[PDB]
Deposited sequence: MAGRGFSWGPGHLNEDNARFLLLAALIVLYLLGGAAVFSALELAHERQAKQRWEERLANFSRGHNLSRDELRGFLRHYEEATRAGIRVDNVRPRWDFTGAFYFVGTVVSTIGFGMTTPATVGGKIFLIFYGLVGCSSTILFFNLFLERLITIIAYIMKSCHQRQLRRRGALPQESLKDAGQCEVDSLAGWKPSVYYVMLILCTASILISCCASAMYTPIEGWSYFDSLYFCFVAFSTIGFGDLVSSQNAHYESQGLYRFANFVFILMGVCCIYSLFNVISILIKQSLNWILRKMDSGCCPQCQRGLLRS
């Protein structure tokens, strides 16, 4: 009954966390939401007044443009989707469960194949992230044991892997690595995309956490400088960042499980 108690405690804590985050986000951005909607209403009113346009025909034109935007075409020189380069980035967002929504299937067969393709690839890439976390554990353990061996040799003048890093040490290493990759990717995105550095950090966290809002997406607009190299760099940075942030999520999940066990042990005593 200790595992059921831990499950119920985690569910209650997550529900309370959801409520608190909803309240904080509402308090933070309801004013911005209202101001942006008011600015859009003012712009639409000026557009209708200046050019003598009815609201119904403008609404129909906006419906047509929404249908166009769902098809991938945008205002300012976005790359053509569903070519081999664009479909590769779409597949990278599908299989890594990022799913920006920059590229969505419209055919019936495309969505069926997306269902099967996700069912296989997303599982294989969850396995890939777990294997990457295990290899990072092994690499950190090997580095620590090699440093210990070098220290022993300097003083003197099978499975192995006896030394294992603590979960706090792995959290620190993964946090530092993710911060470094986010900073490097943002330093590449800022002069190329024109984003603010904080906007690039936010996009890096969103993509690396497999959240993928799609409000900011890296390589969508066309006519890049060194387009072949930039696409590869974006793919590699996104891959390492998603790996590191998902591994950090697993490590923090282990730590939160330990915290829940400690909380249950506190209430078990009295």
Absent from the model, numbered along the deposited sequence, are 1-13, 171-184, 298-309
